[PDB]
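Overview (structure and organization)
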Amino acid sequence: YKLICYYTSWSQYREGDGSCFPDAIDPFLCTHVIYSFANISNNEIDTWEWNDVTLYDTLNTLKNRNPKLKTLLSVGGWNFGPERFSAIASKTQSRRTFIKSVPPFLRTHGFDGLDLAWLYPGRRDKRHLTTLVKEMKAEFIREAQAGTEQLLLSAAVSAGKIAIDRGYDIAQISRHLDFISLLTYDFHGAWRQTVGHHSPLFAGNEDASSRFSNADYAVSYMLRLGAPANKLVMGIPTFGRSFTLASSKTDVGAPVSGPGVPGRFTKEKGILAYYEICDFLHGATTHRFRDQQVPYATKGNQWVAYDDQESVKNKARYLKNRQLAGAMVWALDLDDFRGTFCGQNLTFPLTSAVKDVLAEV
Ligand SMILES: CC(=O)N[C@@H]1[C@@H](O)[C@H](O[C@@H]2O[C@H](CO)[C@@H](O[C@H]3O[C@H](CO)[C@@H](O[C@@H]4O[C@H](CO)[C@@H](O[C@@H]5O[C@H](CO)[C@@H](O[C@@H]6O[C@H](CO)[C@@H](O)[C@H](O)[C@H]6NC(C)=O)[C@H](O)[C@H]5NC(C)=O)[C@H](O)[C@H]4NC(C)=O)[C@H](O)[C@H]3NC(C)=O)[C@H](O)[C@H]2NC(C)=O)[C@@H](CO)O[C@@H]1O
Ligand SMILES: *[C@@H]1O[C@H](CO)[C@@H](O[C@H]2O[C@H](CO)[C@@H](O[C@@H]3O[C@H](CO)[C@@H](O[C@@H]4O[C@H](CO)[C@@H](O)[C@H](O)[C@@H]4O)[C@H](O)[C@@H]3O)[C@H](O)[C@H]2NC(C)=O)[C@H](O)[C@H]1NC(C)=O
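Residues numbered from 1 in each chain as written, not as in the entry; some residues may be left out. Chains lettered and ligands numbered in written order. Heavy atoms only, no water.

Structure determination for this PDB entry is given in the record as X-ray crystallography, at a resolution of 2.54 Å.

Take a look at the structure:
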(Lines give C-alpha, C1' and ligand atoms only; values in the text may rest on other atoms or scores of the structure.)
(Ligands and ions follow the chains in the order given, each with its own letter.)
Protein backbone atom coordinates (compact mmCIF):
# COMPACT_ATOMS: atom_id res chain seq x y z
CA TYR A 1 0.00 0.00 0.00
CA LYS A 2 1.17 3.50 -0.83
CA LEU A 3 0.65 6.42 1.53
CA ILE A 4 0.97 9.68 -0.40
CA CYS A 5 1.21 12.81 1.71
CA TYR A 6 1.24 16.44 0.69
CA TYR A 7 3.22 19.14 2.47
CA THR A 8 2.42 22.75 1.61
CA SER A 9 4.86 25.55 0.88
CA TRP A 10 2.89 28.26 2.66
CA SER A 11 2.49 26.53 6.03
CA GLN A 12 5.84 27.87 7.21
CA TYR A 13 4.24 31.34 7.51
CA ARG A 14 1.56 30.42 10.06
CA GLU A 15 2.13 31.85 13.52
CA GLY A 16 3.10 30.06 16.67
CA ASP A 17 2.51 26.34 16.72
CA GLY A 18 0.75 26.51 13.36
CA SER A 19 4.13 27.02 11.66
CA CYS A 20 5.29 23.84 9.97
CA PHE A 21 8.65 23.15 8.36
CA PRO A 22 9.65 19.95 6.48
CA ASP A 23 11.80 18.60 9.31
CA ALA A 24 8.63 18.18 11.38
CA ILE A 25 7.66 15.30 9.06
CA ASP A 26 8.16 11.77 10.40
CA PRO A 27 10.36 10.09 7.71
CA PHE A 28 8.71 6.72 8.20
CA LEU A 29 5.13 7.98 8.19
CA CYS A 30 4.37 8.02 4.44
CA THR A 31 5.81 6.19 1.45
CA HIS A 32 5.73 9.30 -0.72
CA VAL A 33 5.84 12.95 0.29
CA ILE A 34 4.74 15.52 -2.30
CA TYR A 35 5.79 19.19 -2.03
CA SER A 36 3.15 21.74 -3.15
CA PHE A 37 3.46 23.67 -5.35
CA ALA A 38 5.93 24.53 -8.11
CA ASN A 39 5.32 27.43 -10.54
CA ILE A 40 5.80 27.67 -14.33
CA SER A 41 7.80 30.64 -15.66
CA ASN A 42 8.90 31.21 -19.22
CA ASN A 43 7.26 27.85 -19.89
CA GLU A 44 9.68 26.16 -17.49
CA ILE A 45 9.01 24.63 -14.09
CA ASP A 46 10.30 26.93 -11.38
CA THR A 47 10.29 27.65 -7.65
CA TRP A 48 7.42 29.49 -5.94
CA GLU A 49 8.55 30.74 -2.51
CA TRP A 50 11.76 32.71 -1.94
CA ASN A 51 13.19 29.87 0.18
CA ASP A 52 12.00 26.77 -1.71
CA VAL A 53 15.49 25.46 -2.55
CA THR A 54 16.27 25.45 1.21
CA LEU A 55 12.98 23.69 2.03
CA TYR A 56 13.43 21.33 -0.94
CA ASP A 57 16.76 20.47 0.65
CA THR A 58 15.32 20.01 4.15
CA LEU A 59 12.53 17.77 2.83
CA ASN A 60 14.89 15.61 0.83
CA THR A 61 17.29 15.06 3.75
CA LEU A 62 14.49 12.97 5.26
CA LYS A 63 15.70 10.35 2.80
CA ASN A 64 18.95 10.05 4.77
CA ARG A 65 16.95 8.68 7.70
CA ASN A 66 14.62 6.60 5.47
CA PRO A 67 16.11 5.47 2.10
CA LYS A 68 12.81 4.01 0.87
CA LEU A 69 11.04 7.39 1.01
CA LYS A 70 10.17 8.91 -2.37
CA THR A 71 9.54 12.63 -2.78
CA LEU A 72 7.79 14.44 -5.64
CA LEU A 73 7.26 18.04 -6.66
CA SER A 74 3.75 19.08 -7.62
CA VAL A 75 2.88 21.68 -10.32
CA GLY A 76 -0.40 23.53 -10.29
CA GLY A 77 -2.88 23.70 -7.45
CA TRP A 78 -6.22 25.42 -6.88
CA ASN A 79 -4.77 28.95 -6.83
CA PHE A 80 -2.97 28.17 -10.08
CA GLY A 81 -4.90 29.37 -13.10
CA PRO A 82 -6.03 26.41 -15.21
CA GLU A 83 -5.80 28.76 -18.20
CA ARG A 84 -2.03 28.77 -17.76
CA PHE A 85 -1.84 24.97 -17.97
CA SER A 86 -4.24 25.18 -20.88
CA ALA A 87 -2.03 27.54 -22.92
CA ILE A 88 1.21 25.63 -22.22
CA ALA A 89 -0.35 22.29 -23.14
CA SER A 90 -2.26 23.20 -26.32
CA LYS A 91 0.87 24.29 -28.20
CA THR A 92 3.28 21.49 -29.02
CA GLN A 93 6.17 23.96 -28.76
CA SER A 94 5.61 25.37 -25.27
CA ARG A 95 4.61 21.89 -24.15
CA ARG A 96 7.93 20.38 -25.21
CA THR A 97 9.71 23.32 -23.59
CA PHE A 98 8.07 22.69 -20.20
CA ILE A 99 8.49 18.91 -20.46
CA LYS A 100 12.19 19.19 -21.33
CA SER A 101 12.78 21.50 -18.36
CA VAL A 102 11.40 19.10 -15.80
CA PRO A 103 13.98 16.30 -15.40
CA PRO A 104 17.04 18.56 -14.83
CA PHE A 105 15.08 20.55 -12.24
CA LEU A 106 13.94 17.44 -10.40
CA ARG A 107 17.41 15.93 -10.48
CA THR A 108 19.10 19.10 -9.16
CA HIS A 109 16.84 19.42 -6.12
CA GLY A 110 16.74 15.72 -5.36
CA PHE A 111 13.15 14.87 -6.24
CA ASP A 112 12.05 11.44 -7.41
CA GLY A 113 9.11 12.55 -9.51
CA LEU A 114 6.62 15.10 -10.75
CA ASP A 115 2.99 15.40 -9.67
CA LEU A 116 0.53 17.15 -11.98
CA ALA A 117 -2.25 19.12 -10.31
CA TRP A 118 -4.07 20.82 -13.20
CA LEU A 119 -7.32 22.01 -11.57
CA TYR A 120 -9.14 21.72 -13.79
CA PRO A 121 -9.07 20.68 -17.49
CA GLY A 122 -12.11 21.70 -19.51
CA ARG A 123 -13.82 20.06 -22.48
CA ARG A 124 -11.39 21.76 -24.86
CA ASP A 125 -8.40 20.53 -22.80
CA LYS A 126 -8.97 16.76 -22.59
CA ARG A 127 -6.96 16.03 -25.75
CA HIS A 128 -3.98 18.12 -24.66
CA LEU A 129 -3.91 16.77 -21.11
CA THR A 130 -3.49 13.29 -22.58
CA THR A 131 -0.62 14.59 -24.68
CA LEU A 132 1.22 16.28 -21.81
CA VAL A 133 1.04 13.04 -19.82
CA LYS A 134 2.19 10.87 -22.74
CA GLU A 135 5.10 13.09 -23.74
CA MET A 136 6.13 13.74 -20.15
CA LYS A 137 6.37 10.01 -19.45
CA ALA A 138 8.17 9.36 -22.76
CA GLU A 139 10.72 11.95 -21.69
CA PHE A 140 11.11 10.32 -18.26
CA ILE A 141 11.70 6.96 -19.92
CA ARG A 142 14.25 8.60 -22.22
CA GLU A 143 15.99 10.24 -19.25
CA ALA A 144 16.41 6.98 -17.30
CA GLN A 145 18.76 5.74 -20.04
CA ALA A 146 21.53 7.77 -18.41
CA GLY A 147 21.63 5.19 -15.63
CA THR A 148 19.43 6.86 -13.01
CA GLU A 149 16.24 5.55 -11.45
CA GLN A 150 13.32 6.55 -13.67
CA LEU A 151 11.32 9.56 -12.47
CA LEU A 152 7.74 9.01 -11.29
CA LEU A 153 4.75 10.73 -12.87
CA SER A 154 1.48 11.13 -10.99
CA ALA A 155 -1.57 13.36 -11.20
CA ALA A 156 -4.19 14.70 -8.81
CA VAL A 157 -7.60 14.19 -10.38
CA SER A 158 -11.04 15.67 -9.62
CA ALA A 159 -13.52 13.21 -8.13
CA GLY A 160 -16.54 15.03 -9.54
CA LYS A 161 -18.46 13.00 -12.13
CA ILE A 162 -19.05 15.96 -14.46
CA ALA A 163 -15.47 17.18 -14.11
CA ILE A 164 -14.10 13.74 -14.98
CA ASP A 165 -16.44 13.31 -17.94
CA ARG A 166 -15.61 16.81 -19.15
CA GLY A 167 -11.82 16.90 -19.05
CA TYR A 168 -10.15 13.51 -18.64
CA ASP A 169 -9.56 10.50 -20.88
CA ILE A 170 -9.04 8.21 -17.87
CA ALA A 171 -8.19 5.02 -19.78
CA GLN A 172 -5.42 6.82 -21.66
CA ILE A 173 -3.64 8.67 -18.87
CA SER A 174 -3.95 5.67 -16.59
CA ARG A 175 -1.47 3.65 -18.63
CA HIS A 176 1.14 6.41 -18.57
CA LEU A 177 0.89 7.49 -14.92
CA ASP A 178 2.47 5.69 -11.95
CA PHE A 179 -0.51 6.55 -9.76
CA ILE A 180 -3.61 8.71 -9.74
CA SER A 181 -4.76 10.62 -6.66
CA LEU A 182 -8.54 10.92 -6.48
CA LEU A 183 -9.50 14.24 -4.89
CA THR A 184 -12.38 12.71 -2.96
CA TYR A 185 -12.91 15.65 -0.61
CA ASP A 186 -14.31 18.80 -2.19
CA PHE A 187 -17.84 17.55 -2.83
CA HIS A 188 -19.63 20.14 -0.79
CA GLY A 189 -18.46 23.54 0.10
CA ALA A 190 -18.49 25.02 -3.37
CA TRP A 191 -20.30 28.10 -2.06
CA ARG A 192 -23.75 26.60 -2.10
CA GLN A 193 -26.13 28.19 0.36
CA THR A 194 -27.03 25.21 2.69
CA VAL A 195 -25.24 22.55 4.87
CA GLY A 196 -23.51 19.32 3.86
CA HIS A 197 -20.33 17.19 4.30
CA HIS A 198 -17.49 17.67 1.81
CA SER A 199 -16.03 14.16 2.12
CA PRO A 200 -18.65 11.49 2.74
CA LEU A 201 -17.69 7.88 2.08
CA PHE A 202 -21.24 6.91 1.05
CA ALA A 203 -24.30 8.53 -0.53
CA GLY A 204 -26.75 7.90 2.29
CA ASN A 205 -30.47 7.54 1.54
CA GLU A 206 -31.31 10.98 2.94
CA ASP A 207 -31.75 13.93 0.56
CA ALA A 208 -30.03 12.00 -2.23
CA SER A 209 -29.69 13.86 -5.53
CA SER A 210 -26.05 14.44 -6.28
CA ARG A 211 -25.82 10.74 -5.97
CA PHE A 212 -22.35 11.25 -7.40
CA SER A 213 -20.87 13.37 -4.61
CA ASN A 214 -19.37 10.73 -2.34
CA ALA A 215 -16.09 8.74 -2.43
CA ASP A 216 -17.78 5.39 -3.15
CA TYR A 217 -19.29 6.64 -6.38
CA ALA A 218 -16.06 8.33 -7.54
CA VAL A 219 -14.00 5.19 -6.97
CA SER A 220 -16.55 2.96 -8.71
CA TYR A 221 -16.70 5.38 -11.63
CA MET A 222 -12.91 5.67 -12.13
CA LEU A 223 -12.77 1.87 -12.16
CA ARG A 224 -15.55 1.58 -14.76
CA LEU A 225 -13.80 4.15 -16.95
CA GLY A 226 -10.65 2.06 -17.15
CA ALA A 227 -8.26 3.05 -14.36
CA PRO A 228 -6.54 0.08 -12.75
CA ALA A 229 -7.15 -0.27 -9.04
CA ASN A 230 -3.43 -0.77 -8.44
CA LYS A 231 -2.86 2.79 -9.64
CA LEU A 232 -5.73 4.54 -7.87
CA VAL A 233 -5.18 6.36 -4.63
CA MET A 234 -8.13 7.69 -2.63
CA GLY A 235 -7.82 11.18 -1.18
CA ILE A 236 -8.36 11.59 2.56
CA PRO A 237 -8.70 15.10 4.01
CA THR A 238 -6.96 16.37 7.10
CA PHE A 239 -8.99 19.59 7.20
CA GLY A 240 -12.65 20.44 7.61
CA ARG A 241 -14.93 22.88 5.87
CA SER A 242 -16.90 25.30 8.07
CA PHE A 243 -20.14 27.21 7.59
CA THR A 244 -21.85 30.06 9.37
CA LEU A 245 -25.43 28.99 10.04
CA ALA A 246 -28.27 31.29 8.99
CA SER A 247 -30.67 29.90 11.59
CA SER A 248 -30.70 27.84 14.75
CA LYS A 249 -31.19 24.70 12.65
CA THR A 250 -28.34 22.17 12.67
CA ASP A 251 -29.57 19.15 10.68
CA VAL A 252 -29.11 18.33 6.99
CA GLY A 253 -30.38 20.91 4.51
CA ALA A 254 -30.17 23.73 7.06
CA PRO A 255 -29.57 27.16 5.47
CA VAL A 256 -26.17 28.87 5.47
CA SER A 257 -25.15 32.55 5.41
CA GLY A 258 -21.65 31.88 4.12
CA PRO A 259 -18.35 30.20 5.04
CA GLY A 260 -17.10 29.74 8.58
CA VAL A 261 -15.05 32.08 10.73
CA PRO A 262 -11.29 31.78 10.06
CA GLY A 263 -9.09 29.56 12.15
CA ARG A 264 -6.63 31.19 14.53
CA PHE A 265 -3.69 29.65 12.73
CA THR A 266 -4.88 28.96 9.19
CA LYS A 267 -6.64 32.31 8.79
CA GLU A 268 -8.84 31.36 5.79
CA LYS A 269 -12.66 31.52 5.81
CA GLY A 270 -14.20 28.14 5.13
CA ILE A 271 -11.55 25.74 6.37
CA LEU A 272 -10.03 24.50 9.59
CA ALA A 273 -7.00 22.30 10.20
CA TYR A 274 -7.55 19.10 12.14
CA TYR A 275 -5.64 20.64 15.05
CA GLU A 276 -7.90 23.71 15.03
CA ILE A 277 -10.91 21.38 14.93
CA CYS A 278 -9.55 19.60 18.00
CA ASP A 279 -9.58 22.90 19.89
CA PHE A 280 -13.02 23.71 18.43
CA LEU A 281 -14.66 20.53 19.78
CA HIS A 282 -14.47 21.63 23.40
CA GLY A 283 -17.98 22.85 24.15
CA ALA A 284 -19.36 21.65 20.84
CA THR A 285 -21.98 19.09 19.92
CA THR A 286 -20.60 16.28 17.77
CA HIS A 287 -22.86 14.47 15.32
CA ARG A 288 -22.19 11.69 12.81
CA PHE A 289 -24.02 10.82 9.59
CA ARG A 290 -24.55 7.04 9.74
CA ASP A 291 -25.21 6.77 6.04
CA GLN A 292 -22.26 8.85 4.87
CA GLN A 293 -20.16 7.67 7.84
CA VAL A 294 -18.55 11.04 8.58
CA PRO A 295 -18.86 13.45 11.54
CA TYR A 296 -19.71 17.13 11.96
CA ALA A 297 -19.86 19.60 14.85
CA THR A 298 -21.70 22.74 15.95
CA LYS A 299 -20.98 25.48 18.47
CA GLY A 300 -22.93 28.74 18.50
CA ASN A 301 -23.56 29.54 14.81
CA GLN A 302 -20.60 27.60 13.38
CA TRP A 303 -21.07 24.21 11.68
CA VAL A 304 -18.01 22.09 10.83
CA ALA A 305 -17.76 19.07 8.48
CA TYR A 306 -14.60 17.09 9.21
CA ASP A 307 -12.90 13.71 9.49
CA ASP A 308 -11.63 12.01 12.66
CA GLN A 309 -9.55 8.91 13.43
CA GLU A 310 -12.66 6.80 13.07
CA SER A 311 -13.88 8.17 9.73
CA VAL A 312 -10.36 8.03 8.38
CA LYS A 313 -9.86 4.41 9.50
CA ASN A 314 -13.18 3.66 7.88
CA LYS A 315 -12.09 5.13 4.53
CA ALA A 316 -8.84 3.16 4.71
CA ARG A 317 -10.78 -0.09 5.20
CA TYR A 318 -13.02 0.76 2.25
CA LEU A 319 -10.01 1.42 0.06
CA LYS A 320 -8.35 -1.91 1.06
CA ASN A 321 -11.59 -3.78 0.34
CA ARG A 322 -11.71 -2.43 -3.21
CA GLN A 323 -8.01 -3.26 -3.59
CA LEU A 324 -6.76 0.24 -4.44
CA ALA A 325 -3.07 1.23 -4.50
CA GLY A 326 -3.29 3.12 -1.23
CA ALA A 327 -4.21 6.47 0.26
CA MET A 328 -3.42 10.12 -0.34
CA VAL A 329 -3.50 12.68 2.47
CA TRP A 330 -4.00 16.41 2.15
CA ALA A 331 -2.14 17.61 4.03
CA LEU A 332 0.53 16.75 6.65
CA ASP A 333 0.67 20.35 7.92
CA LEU A 334 -3.07 20.45 8.60
CA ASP A 335 -2.92 17.29 10.74
CA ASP A 336 -1.86 17.64 14.38
CA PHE A 337 1.81 17.45 13.41
CA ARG A 338 3.13 18.62 16.80
CA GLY A 339 0.81 16.20 18.58
CA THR A 340 -0.23 18.65 21.28
CA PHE A 341 -3.73 19.83 20.32
CA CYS A 342 -5.82 16.75 20.14
CA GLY A 343 -5.17 14.91 23.33
CA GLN A 344 -3.89 11.34 23.16
CA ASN A 345 -0.29 12.26 22.50
CA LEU A 346 0.33 11.18 18.97
CA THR A 347 2.13 13.08 16.27
CA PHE A 348 0.03 13.07 13.03
CA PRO A 349 -3.02 11.34 14.58
CA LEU A 350 -5.10 11.27 11.38
CA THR A 351 -2.35 10.13 9.02
CA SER A 352 -1.14 7.51 11.56
CA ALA A 353 -4.67 6.14 11.79
CA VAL A 354 -4.65 5.70 8.02
CA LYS A 355 -1.22 4.06 8.24
CA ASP A 356 -2.31 1.54 10.88
CA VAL A 357 -5.16 0.17 8.81
CA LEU A 358 -2.98 -0.07 5.70
CA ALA A 359 -0.32 -1.88 7.73
CA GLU A 360 -2.92 -4.41 8.89
CA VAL A 361 -3.70 -7.45 6.80
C1 LIG B 1 -11.35 27.11 -1.17
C2 LIG B 1 -11.83 26.38 -2.42
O3 LIG B 1 -13.03 26.42 -2.72
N4 LIG B 1 -10.92 25.75 -3.15
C5 LIG B 1 -10.89 24.30 -3.26
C6 LIG B 1 -9.45 23.85 -3.55
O7 LIG B 1 -8.66 24.11 -2.42
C8 LIG B 1 -9.34 22.35 -3.95
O9 LIG B 1 -7.97 22.07 -4.38
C10 LIG B 1 -7.26 20.90 -4.01
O11 LIG B 1 -7.51 20.57 -2.62
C12 LIG B 1 -6.86 21.46 -1.68
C13 LIG B 1 -7.88 21.76 -0.62
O14 LIG B 1 -9.18 21.80 -1.18
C15 LIG B 1 -6.39 22.73 -2.42
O16 LIG B 1 -6.17 23.83 -1.49
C17 LIG B 1 -5.00 24.56 -1.32
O18 LIG B 1 -4.74 25.33 -2.54
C19 LIG B 1 -4.37 26.75 -2.45
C20 LIG B 1 -3.17 26.95 -3.35
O21 LIG B 1 -3.38 26.38 -4.63
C22 LIG B 1 -4.08 27.24 -1.05
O23 LIG B 1 -3.94 28.67 -1.10
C24 LIG B 1 -3.08 29.32 -0.11
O25 LIG B 1 -3.80 30.40 0.48
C26 LIG B 1 -3.00 31.06 1.45
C27 LIG B 1 -3.85 32.09 2.14
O28 LIG B 1 -4.79 31.47 2.99
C29 LIG B 1 -1.77 31.66 0.83
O30 LIG B 1 -1.01 32.07 1.94
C31 LIG B 1 -0.18 33.23 1.70
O32 LIG B 1 0.94 32.56 1.05
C33 LIG B 1 1.99 33.46 0.68
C34 LIG B 1 3.08 32.63 -0.02
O35 LIG B 1 2.63 31.34 -0.41
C36 LIG B 1 2.55 34.18 1.90
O37 LIG B 1 3.40 35.22 1.39
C38 LIG B 1 4.73 35.29 2.00
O39 LIG B 1 4.65 35.98 3.25
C40 LIG B 1 5.92 36.10 3.96
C41 LIG B 1 5.63 37.02 5.12
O42 LIG B 1 4.32 36.79 5.62
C43 LIG B 1 7.08 36.59 3.04
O44 LIG B 1 8.33 36.39 3.70
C45 LIG B 1 7.07 35.86 1.69
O46 LIG B 1 8.05 36.39 0.81
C47 LIG B 1 5.69 36.08 1.12
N48 LIG B 1 5.62 35.98 -0.33
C49 LIG B 1 5.30 34.88 -1.02
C50 LIG B 1 4.24 35.08 -2.10
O51 LIG B 1 5.85 33.79 -0.89
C52 LIG B 1 1.46 34.79 2.83
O53 LIG B 1 2.02 35.02 4.11
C54 LIG B 1 0.30 33.80 3.03
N55 LIG B 1 -0.69 34.29 4.01
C56 LIG B 1 -1.85 34.91 3.72
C57 LIG B 1 -1.81 36.37 3.29
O58 LIG B 1 -2.95 34.37 3.90
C59 LIG B 1 -0.97 30.63 0.01
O60 LIG B 1 0.03 31.29 -0.76
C61 LIG B 1 -1.91 29.88 -0.92
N62 LIG B 1 -1.22 28.85 -1.65
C63 LIG B 1 -1.04 29.02 -2.95
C64 LIG B 1 -0.08 28.08 -3.67
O65 LIG B 1 -1.62 29.91 -3.59
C66 LIG B 1 -5.23 26.87 -0.17
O67 LIG B 1 -5.10 27.49 1.10
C68 LIG B 1 -5.16 25.38 -0.01
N69 LIG B 1 -6.33 24.93 0.73
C70 LIG B 1 -6.16 24.15 1.79
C71 LIG B 1 -7.41 23.63 2.48
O72 LIG B 1 -5.05 23.85 2.23
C73 LIG B 1 -5.26 22.36 -3.39
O74 LIG B 1 -5.02 23.44 -4.27
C75 LIG B 1 -5.73 21.13 -4.21
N76 LIG B 1 -5.00 19.94 -3.81
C77 LIG B 1 -4.38 19.18 -4.70
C78 LIG B 1 -4.32 17.69 -4.45
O79 LIG B 1 -3.86 19.64 -5.71
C80 LIG B 1 -10.33 22.08 -5.10
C81 LIG B 1 -10.42 20.61 -5.42
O82 LIG B 1 -9.23 20.14 -6.04
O83 LIG B 1 -11.68 22.48 -4.72
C84 LIG B 1 -11.82 23.88 -4.40
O85 LIG B 1 -11.54 24.61 -5.52
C1 LIG C 1 5.03 32.33 -11.16
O2 LIG C 1 5.29 32.51 -12.54
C3 LIG C 1 4.53 33.57 -13.12
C4 LIG C 1 5.15 33.82 -14.47
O5 LIG C 1 4.67 32.90 -15.44
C6 LIG C 1 4.60 34.86 -12.30
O7 LIG C 1 3.42 35.62 -12.63
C8 LIG C 1 3.73 36.81 -13.27
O9 LIG C 1 5.10 36.76 -13.69
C10 LIG C 1 5.67 38.06 -13.91
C11 LIG C 1 6.44 38.44 -12.67
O12 LIG C 1 5.72 39.39 -11.91
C13 LIG C 1 4.58 39.04 -14.32
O14 LIG C 1 5.20 40.19 -14.95
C15 LIG C 1 4.97 41.60 -14.84
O16 LIG C 1 3.71 42.11 -15.26
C17 LIG C 1 3.50 43.51 -14.98
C18 LIG C 1 2.17 43.86 -15.57
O19 LIG C 1 1.16 43.88 -14.58
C20 LIG C 1 4.65 44.38 -15.59
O21 LIG C 1 4.63 45.76 -15.13
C22 LIG C 1 4.93 46.30 -13.83
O23 LIG C 1 6.19 45.96 -13.28
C24 LIG C 1 6.59 46.88 -12.21
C25 LIG C 1 7.99 46.63 -11.66
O26 LIG C 1 8.92 46.37 -12.68
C27 LIG C 1 5.56 46.82 -11.07
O28 LIG C 1 5.85 47.81 -10.07
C29 LIG C 1 4.14 47.04 -11.59
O30 LIG C 1 3.22 46.70 -10.58
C31 LIG C 1 3.79 46.21 -12.81
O32 LIG C 1 3.53 44.88 -12.46
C33 LIG C 1 5.99 43.89 -15.22
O34 LIG C 1 6.98 44.59 -15.97
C35 LIG C 1 6.14 42.41 -15.42
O36 LIG C 1 6.24 42.11 -16.77
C37 LIG C 1 3.61 38.25 -15.28
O38 LIG C 1 2.69 39.12 -15.93
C39 LIG C 1 2.84 37.16 -14.47
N40 LIG C 1 2.50 36.01 -15.33
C41 LIG C 1 1.27 35.91 -15.86
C42 LIG C 1 1.03 34.93 -17.01
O43 LIG C 1 0.33 36.60 -15.45
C44 LIG C 1 4.83 34.77 -10.76
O45 LIG C 1 5.59 35.91 -10.36
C46 LIG C 1 5.65 33.52 -10.44
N47 LIG C 1 5.92 33.29 -9.02
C48 LIG C 1 5.02 33.34 -8.04
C49 LIG C 1 3.55 33.60 -8.33
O50 LIG C 1 5.37 33.18 -6.86
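Now that the structure is up, let's keep going.
Our next topic: the site of ligand 2. Residues in contact with ligand 2, as listed here, are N39, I40, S41, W48 and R84. A distance of 3.0 Å is found between an oxygen atom of ligand 2 and a side-chain nitrogen or oxygen belonging to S41. Contacts to ligand 2 include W48, whose backbone N or O atom sits 3.3 Å from an oxygen atom. Starting from 910 Å² of accessible surface for ligand 2 in isolation, the protein chains cover 19%. Ranked by residue count, the leading element in the shell around ligand 2 is strand 2 (residues 32-41), at three residues. (Near = heavy atom within 4 Å. Polar contact = N/O pair within 3.5 Å; in protein donor to acceptor, adjacent residues only side chain to side chain. Areas by Shrake-Rupley, 256 points an atom, 1.4 Å probe, with all protein chains shown as cover. Helix = DSSP H or I, 4+ residues; strand = E, 2+ residues; numbered from the N terminus.)

Listing the buried residues of helix 7 (residues 215-224) in full gives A215, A218, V219, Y221 and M222. Taken end-on, helix 7 shows its buried residues confined to a sector of 165°, consistent with a single buried face. Phi turns positive, to about 120°, at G226, one or two residues after helix 7. (Buried < 20%, exposed > 50% of the residue type's maximum accessible area, 1.4 Å probe, protein only. Arc of directions from axis to C-beta.)

This brings us to the site of ligand 1. Ligand 1 sits among 22 residues. The nearest are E49, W78, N79, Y120 and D186. One of the side-chain nitrogen or oxygen atoms of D186 is found 2.5 Å away from an oxygen atom of ligand 1. Between ligand 1 and the protein, one listed contact pairs an oxygen atom with a side-chain N or O atom of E268 at 2.7 Å. When the free accessible area of ligand 1 is taken as 1,400 Å², the share hidden by the protein chains comes to 66%. Those elements that provide at least two residues to the shell around ligand 1 are strand 9 (239-245) and strand 15 (326-330). Its residues assigned to classes, the shell around ligand 1 shows 16 nonpolar, two polar and four charged. Each of domain 1 (1-238 + 307-361) and domain 2 (239-306) accounts for three or more of the residues forming the shell around ligand 1. (Nonpolar A, V, L, I, M, F, W, Y, C, P; charged D, E, K, R; others polar. Domains from an automatic or database assignment.)

Before going further, it helps to spend a moment on the environment of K63. Relative to the helices and strands, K63 is located in helix 1 (residues 52-65). As for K63 and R338, which are separated by 275 residues in sequence, their C-alpha atoms are 21 Å apart. If sequence neighbours within four positions are ignored, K63 has contacts with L69, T71, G110 and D112. In this structure the side chain of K63 is engaged in a polar contact, spanning 3.3 Å, whose partner is the side chain of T71. Among the polar contacts made by the side chain of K63, one reaches the side chain of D112 at a distance of 2.9 Å. (Contact = heavy atoms within 4.5 Å.)

Between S36 and the following residue, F37, the backbone shows a cis peptide bond with an omega angle of 0°. Structurally, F37 can be placed in strand 2. Residue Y120 is bonded to the preceding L119 through a cis peptide linkage, with omega at 0°. Inspection of the secondary structure assignment puts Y120 in the loop between strand 5 (113-117) and helix 4 (126-144). Unlike most non-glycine residues, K267 shows phi in positive territory, near 40°.

Turning our attention to a nonpolar patch on the surface. A contiguous nonpolar patch, built from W10, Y13 and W50 and spanning about 430 Å² of accessible area, is present on the exposed surface. Here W50 shows up in the loop between strand 3 (44-46) and helix 1. (Patch = residues over 30% accessible without salt bridge, like charges linked within 9 Å, V, L, I, M, F, W, Y side chains within 5 Å. Salt bridge = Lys/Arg side-chain N within 4 Å of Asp/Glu carboxyl O.)

The next point concerns the UniProt feature "disulfide bond" in the protein chain. Sulfur atoms of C5 and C30, annotated by UniProt as disulfide partners, sit 2.0 Å apart, under the 2.5 Å cut-off for a formed bond. Of this pair, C5 sits in strand 1 (residues 2-8) while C30 is found in the loop between strand 1 and strand 2, placing the two residues 25 residues apart along the sequence. Overall, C30 belongs to the buried group, its relative accessible area being 5%. With a threshold of 2.5 Å on the sulfur distance, the UniProt-listed cystine of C278 and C342 is realised in this model at 2.0 Å. Of this pair, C278 sits in helix 8 (residues 274-280) while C342 is found in the loop between strand 15 and helix 10 (349-359), placing the two residues 64 residues apart along the sequence. Per residue, the accessibility class of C278 equals that of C342, and both read buried. (Disulfide = S-S within 2.5 Å. UniProt positions renumbered as here; feature names shortened; annotations may be inferred.)

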